[PDB]
Structure formats: C-alpha cells, structure tokens
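Included below are structure tokens for two forms of one protein chain, each presented in isolation as structure 1 and structure 2.
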Structure 1
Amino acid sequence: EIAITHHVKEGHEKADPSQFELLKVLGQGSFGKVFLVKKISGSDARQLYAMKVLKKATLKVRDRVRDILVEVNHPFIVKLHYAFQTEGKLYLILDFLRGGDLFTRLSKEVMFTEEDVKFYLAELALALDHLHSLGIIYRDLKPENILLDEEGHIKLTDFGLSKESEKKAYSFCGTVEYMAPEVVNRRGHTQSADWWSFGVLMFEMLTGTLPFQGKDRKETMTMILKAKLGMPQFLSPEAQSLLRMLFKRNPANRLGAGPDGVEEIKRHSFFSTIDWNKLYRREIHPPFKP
C-alpha cells in the first residue's frame, strides 16, 4: 500500500473535505483519476489544486527542520499542500500538474547520455536545494519522487512516497539503495545525506544500474558502508569526479556538505555548460519531450 510522507510547514493550517469545492474530474494517464478542486478559505483561498483520493494508503506527518514568509511556487517542485484521512480514504491536495508523467516511465524508454543527465540533474539540484532551504530532508530520495511536467521539465515531489506492507510498522521505511551510510547507520544525519542520494540518482541515470546493490537489504547496507565502488570507465573524467565527490562516506567530506551547499555542485566541471539563471527561468529545453 502507498505510504505518503507529508513534511508540514511551520504555520500549516489543517484541512478537511469541506474546505474544497469540486470543479472537475479528470483522467490523467499515469496519475489516474484526479479531481480539480478550489480552496474555499484560508491564506490560499480560491487557489486551484489537484486532489487524489487513495483508498488504501497510510499517512505519515513530519516536521520540517527550523522571517514570516508565505511560500511561492518553484519551477521544479510540486507540493503536497494538505493530506487528511476520512472513512478509510486518504485525500491528497497537490499542485495541479497538467499532463504530468513519471520520470521512471521516461528512464525505462531512453538511454541517457551525459549531456541528457546534465539537464535533469541540474533542475533536480535546484529543486532539492530549495527543499533543503524549506527544512526538508529527503533521506531516501529516489526516482519515484521525480515527475515530469507537460513540457518535459523536472518536478520533484516535496512529499515522501513509498510502499509498505504480523509485521511491525516503522516510522521510516526507506529504499536502502538510495540511502547514505550515515542514514543507514541511524547515527544522525543532515541534508548532506541527500547529496549522496543525488549521486545515486546520477549513477543510475548514466548506467541504468545502481552503484550499491546486494541480494538483500542486509547485504546492500554492508556495501553502502564498506563496498569499493567500481566506477564505470566509459564515464567522462568530469562525471567520474562528481560521483567520487558525492560518494564520500564521511558526510563532512562530501560535495554539497560545505557552507555553500549546492553551490559546490553547481561549480563542478560536470555542470560547466549550465546557465543556472536560464535554467531556473525554464528557458532551456529538455532532451526528451513527452
């Protein structure tokens, strides 16, 4: 069943079905049945949203890590604004994403080159850093968290998404393959854990394989902690360099962990061709158009 993790903002106003007016019912391909609704009251009164109703899903609510700012839209993020349960149903109120699709659906269809990956990772880097500024730490950022809009640009979900099944429940069940060593350790971690996951995403985009993978969770964990990564030699020196710097096991040494954070990554030679201002303005075309 789907577990949805809602990272609630500081002054969040709780909601219920009565705060929303139904506008339309849509079939959105990979998104299934989506209701278009309008918020009736509150700070966001009159705002249009998508609503998903999930029959059998669990909701986990988590605090973000800490001026009085009202949030505005980021070009490469879709947000979960409200999540609430009723008589056996989970309601999700989300940014409306017309004609959206799954990154996975695209990764299964194409063979990415380094040039392709530069675009997607650059948009993802902007999104991830923005979430960090909002106080969100992903932990197990993975391809399931990555959508594409109708124009083919990245939309990173600001909410967690996972599959959970005599068996005891856990507050955090993450996909091990994408977790940093310090996360697997349960010893404590920061947003620098997510830059490791970013590297895993990059490795998988470039190679179609995961860098650390065992026969079972236990083994994969051992590999993340101790395995010597065999770096694919077909990768450019710049790609190899970026991956090695993201796959530092001691988070203090990992690219993106310094005071400048994402800037350490933006400055890396792998991304030298990217104009970050043009990118943010959505003035660079995606390599693949759905």
Structure 2
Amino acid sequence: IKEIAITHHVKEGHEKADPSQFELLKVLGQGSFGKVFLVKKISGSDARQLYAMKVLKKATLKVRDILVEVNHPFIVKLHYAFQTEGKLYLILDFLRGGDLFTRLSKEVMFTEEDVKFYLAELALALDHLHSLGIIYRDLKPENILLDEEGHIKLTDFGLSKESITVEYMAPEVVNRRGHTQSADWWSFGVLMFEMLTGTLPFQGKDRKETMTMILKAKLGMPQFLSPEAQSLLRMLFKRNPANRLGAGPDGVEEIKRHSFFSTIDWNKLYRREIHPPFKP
C-alpha cells in the first residue's frame, strides 16, 4: 500500500490559496473528523465563489495527479489543499442539495426504481475509486450528498483523515482479518437494504453487539421487494469477500449486468442524461 500524503493542491486554472483568501459564512455540517464550513473566496480568479471547507490535522490517500484522477461526475471535487500551523485545509465543491437520506425522508411514496437510480450513480463512483486502487472504507449515508440538480455526490474520495458507524462495515473489516474493495460492495448492500426497507440489517444495543451480528447473525430477506432486488441483496451479502458480487473476474460488470439494474443505461447515467427521481 502506497500512502500518499496530502499537503498541497491547486486545481488547474486556480492560483495557490491560503487561509487569508477565505472568509467563514456558516457551518454546513459535522462529520466524524470535524465540522464542515461554508466559505467564500475573497480574492483571485474565483473571487466570490462559495466552497465547502474541512480543517484537519492531516490526511493521506492509501493506494493499493491522483488528486485530479479522482475527479468524477458523482464525487466531490477538491479545489485546493494547503497546510498552515500544523493544520490541513481542504477546499471542496459546495454541494447544495443536502444529503440523500434527508431528501428521501421528505417523500412518502418512493419506489424501488427511485432508489435504483441513486444506487447506480453510487456504483459508478465506487468503481471509479477502485479503478485507482482506492477503497472508500467508511461509506455511510452522511457521505452521500446531492448537488443542485439532484445527482449523487460523495463527500470524500477515500482519504484517511486525522481530526485536529460500524453498521455499514463489512465482516472482514469488523474482525480486522483483511480489506479489499469488496468491503465497499458490502456497505453498498447495507445502504440498499436500508433505503428499500427503512431499517438496518444489523444493529444491536451497542457497537460490540452490532459487530457480532455483522459476523454471525441471520438476516431475513425482505419479502416485498422485487425478485431482482432480493437477488442483488443475496449476492452482496456474502460474508466471504471473494464470493461477493463485484469481486469476480468481471469486477464491477458483475454488478452492472445484474437484473436489478437492467433498466439502467450506464453510459447515459454517467453523462447525467437521466433525470433524478426527485429535485432538491
């Protein structure tokens, strides 16, 4: 594993930035690694532009140019990174659509096909990262936002962060036995399960018990899902990572060709030709 320290970045077009070129407007949210702020760029070619800002102690990209390669239609863009006073500042797209789960909660009647749209965009994003040797690792609802047009935007791209949710973690991750991109497809299944049923597949009274459940508990198949949805769940919820959908020879194509996704034109999806089920 090649660990790439994140210390500096300037998007093409921009000029090198520093803390004095921004002003704080408000807090956008709070993550495990700290608050996320709304900031305004006060000077430079992009003066007056709004961005999100994270302030960490440090961040590294573990990989089994890169900060440009991770660019994708459904992944947040990093515009700047700089360090000042033992702190790392990350300046990112301001994602304006709020989180996906909140948008879904505002809808009484959403369908399997609605959820399928968001899962499909998420799958493209995940595979993109995998293609670069990156594993998302900590995929959870709070990382899945929407842009102003209602398309998926992940809030990170696999950074291992240090500041200044076991429910989504794969069995092989829980027991510290190993770790590959296959773990991301388990998390993917958990998100699918949760969006389609309104409940988590594994959750105990505390983290200790949740972990044991992930490793050994039975799981009932939701009976009011389509046969295709049930099949995808069965294929993602393999505790042996080598046998999990997406881990075979054809990789992500195993997922894209699955009957659940038969309605999706992946090329049109990538190009954002398909209208999202709901608008911000």
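Just so we're on the same page, rigid core means the largest C-alpha set that superposes within 1.5 Å between forms. Each residue is numbered by where it sits in the sequence of structure 1, with counting from 1.
For the residue set 119, 112, 203, 76, core-aligned C-alpha shifts between the two structures reach 2 angstroms or more at a single site, 112. After superposing the rigid core, the C-alpha of residue 43 moves by 2 Å or more between the two structures.
Relative to the superposed rigid core, the position of the CA of residue 160 differs between the two structures by 2 Å or more.
In a rigid-core overlay of the protein, residue 186 has its C-alpha displaced by under 2 Å between the two structures. When the rigid core is fitted, residue 94 shows a C-alpha shift of 1.1 Å between the two structures. The rigid core superposition between the two structures gives a CA shift for residue 139 of 2.0 Å. In the core-superposed comparison between the two structures, the CA atom of residue 25 travels 12.4 Å.
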